[PDB]
Every structure is written in C-alpha cells, then in structure tokens.
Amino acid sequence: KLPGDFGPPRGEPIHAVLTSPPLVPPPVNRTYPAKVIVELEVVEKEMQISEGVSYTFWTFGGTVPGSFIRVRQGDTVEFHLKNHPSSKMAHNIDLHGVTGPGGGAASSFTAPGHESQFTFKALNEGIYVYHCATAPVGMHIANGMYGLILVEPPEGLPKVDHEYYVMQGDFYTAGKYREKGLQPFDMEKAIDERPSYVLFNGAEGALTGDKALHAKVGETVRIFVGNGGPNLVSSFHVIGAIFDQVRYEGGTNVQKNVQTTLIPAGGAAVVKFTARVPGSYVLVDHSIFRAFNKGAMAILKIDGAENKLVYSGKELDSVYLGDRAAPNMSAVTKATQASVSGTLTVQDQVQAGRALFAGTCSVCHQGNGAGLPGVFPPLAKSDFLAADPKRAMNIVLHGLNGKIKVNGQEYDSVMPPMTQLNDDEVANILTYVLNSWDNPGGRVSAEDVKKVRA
C-alpha cells in the first residue's frame, strides 16, 4: 500500500558520504533497502558572494547550496543535524520528499553546539530540495540554507559520464550589486522579492571561468538542478544547447528536447545534456537581467573537435559573457582588500580595472582600446581622455552623446550611462585605461568618483 515497500532495512548500516557542490556522491549501486545514517552540520560563516563583497552565509555543511545527500527509495534514513558551536542562531531541516509534518522540522530543532536526530523512510523517488525551517524561515533560506537530496529509484538512474550539482538562489544585500564590504541581509528587499544577486552555487562566478563544469564531445552530463529561492522562479535555460530530458522532483512526466524550463521556488529537476560540439554552454535564469546583471550564469565547458557541419562559429567571449569570460576576477578581490588595508597601489587598481573592463567597456571600445573606425572612439592614446580625466568619470557615470573629436576623427553617437557601476569600479576601470595604451598614467580614486556622482 505505501510506495517504497521494499521490506525492512538489510545489510549493514551505511554512513552516507555527502559531497560539496558542484559534485555529487556516487550512485548507490545497491539492490536492497538499507539504514542510512546522514550527518550534516550547520555552519554560519562569512564568504565572498562576489569579489570584495562578503556576506554572512548560513550553511548546511559549509557550502551554498548545502551538501548533496544521495539515498535509495525504500531506505530508512537516520538524520543527524548538528549546529556548530560558533552559530548564533538555532536551525533545523525540512527535506522535501519526507513523509511527515514539516519534512523533519519539528524533530530537528538544534541550538548552537547541539545535535538532533530523526528517522524517516524515503518512500518517494526523486530529486528534492531541503532547507532550513526555523522562524523567520525566509531569512534562513535567504542566508543560504538549502540543498538537494536525491532518492534514487530502486534500479538506479541510467549511467552518464558526469553528474553535477547546481542550485539557484536569490540573495538580498543592503548594498547594491557589487558594492564592496560585508553586506547585511536586507529584509525589506527580501519581502519585496527584489534581490540584489541571483546566483548559482552561492557566489558570482562560482561556476564560470576556471570554476566551470567540464565534459567532452560525445559525453552525457546529468545535472541535478535546484532552486532554493527563497522567492524567484527560474526560467532555466542552456545557451547553445538543448536538454535531452527534464524531470521534476519524482514526477512521472519527463519532458524531452527542451531548452527553457520553469523551476518553481523550492523546486528541483534532473536535466540531461549530450555534448555535441566544443565550447562553453551557459546555464542561466532567462529572466535576462538576473543572468546578465545579477550573477545568474554558470558554464559547462566542452572540450573536443569542432564539427563545421553542425556549427561553424567560435567559442564565447566577453561580448556575451562580459567580465566572466576570463578565468577569474581575483584582481578585484585583491584591490578591495588593499583599499580596506590602506595600501591600494596604482597597479592594484590597474589589474582590477583590467578584469572589469572586459565586456563592460570592451564590447564597444575593444580589448585593445582601439574602438571601431567611425563607430566607437578609441580609449588607446586618447587625446580626449587625457584632456580631462574628470570628464571621463562623468562619461562613465552619466553617458555621452553628440559630436566629439577623438584623435582627429569625429564621432556622433551615444554612450549609454553606466550609473550602476560602483565608485571603486569606475575608479579602477579608469585607472586601468589611464595606465594602458600610451595614456598618461595617474589614477582615479573611488572618492573622486563619489564626488562626480554627487
């Protein structure tokens, strides 16, 4: 009568091995139901949500999303939740897929330095979100308290070459996007569902550049995709590919051959991809400003031979991926820390500005600052730049239009304002430009930009 009716646990008790994102535990590879002991510890800690931007995350297992749990339908799971002594808050857990009130919540309340346990049978196959369930629930979830549990079918999932773990969340900082420093949680933005960041795996760039997911032409890739929310619904999409299969939770329905699929807040799906041609495939929330303005992009990078019969074109670059085309933006972290320490050098600024110039400025002005004849004026050896570095701050913040002369040529176009750039970002970008391409050197400070903005 109950699903998952495979008899009492047999064999030996199994201690679950949990993995950190973006990795997944191995398939259970088991033909009998077991007692599975799961131990998960809550840790509150600061981490970088973006370069030079710290946030106090609340985590299951030290990561956002939390550690991945993998069991078999019909297993009896003895769930142990610990809360690290350093925690200020109590925490608990609601696992979707659990049959019982709160998905475990009332029997997993755990004060700092304590441990709780409860037992459940995994009656329901599927991929499922788990999350904290402690008042105020939204604050806990917003601070990163979510992950995935996979309950396998008894026969296991079909074999694939790679399995990965990707989870979207919306985040609410007091400061604006890319404003540096330790950013508090912002309850007002959270209630209004107005996130400052929308991320995969807890940070900007968590899955881009040198942190990309990998596979090779011809391989299959399964991705366990969660949406921790707390509030957003993801228009989840793969740029330049298709999903062979998309299956939500433990649903009977499987959709095949779709590129764009809606993942509810608190939802999860298993997607399958087959690599056909090399290059970078971007996982996004196709509510586009999330993907391109708030951090909601991840990369699956495929290595192998080009097939000109299928696609003649080139790998992605900064025109599309912006400043996440490059391996990383570590120079930005280093410049921000140098500013805090009072040791910020011109070169710290130049290297940070170099990272930030990609896409943001280079789409028009080019990576070498040459511009494009008749269309975009040069930043390289620019007389107009050199003539008035203050004017340049105004141009970045407030745009520029009308006829101008640069290096003896007339331009009569429109540079849109870029007011969303933070003071340090404008300063560092301009300091990069001034110290490149035979420009006159010197520097622009965040304080200089603050004054022009005001």
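Heads up: residue numbers just count along the shown sequence, starting at 1.
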*Should the higher mean CA B-factor in the entry be assigned to 308 to 316 or to 258 to 266?*
308 to 316
*Could you check which stretch, 339 to 347 or 144 to 152, carries the larger mean CA temperature factor in the entry?*
339 to 347
*Between 104, 195, 373, 229, which one tops the list for C-alpha B-factor in the PDB entry?*
373
*asked:* For the CA B factor values reported in this entry, which option in 114, 294, 237, 72 has the top one?
replied: 114
*asked:* Please say which third, lowest, middle or highest, residue 188 falls into when its CA temperature factor is compared across its chain.
replied: middle
*Considering only modelled residues of the same chain, in which third does the CA B-factor of residue 49 rank: lowest, middle or highest?*
lowest
*By its CA B factor, does residue 160 count among the lowest, middle or highest third of the modelled residues in the chain?*
highest
*Could you say whether, by C-alpha temperature factor, residue 303 belongs to the lowest, middle or highest third of its chain?*
highest
*asked:* Splitting the chain's C-alpha B-factors into thirds, which one does residue 394 fall into?
replied: highest
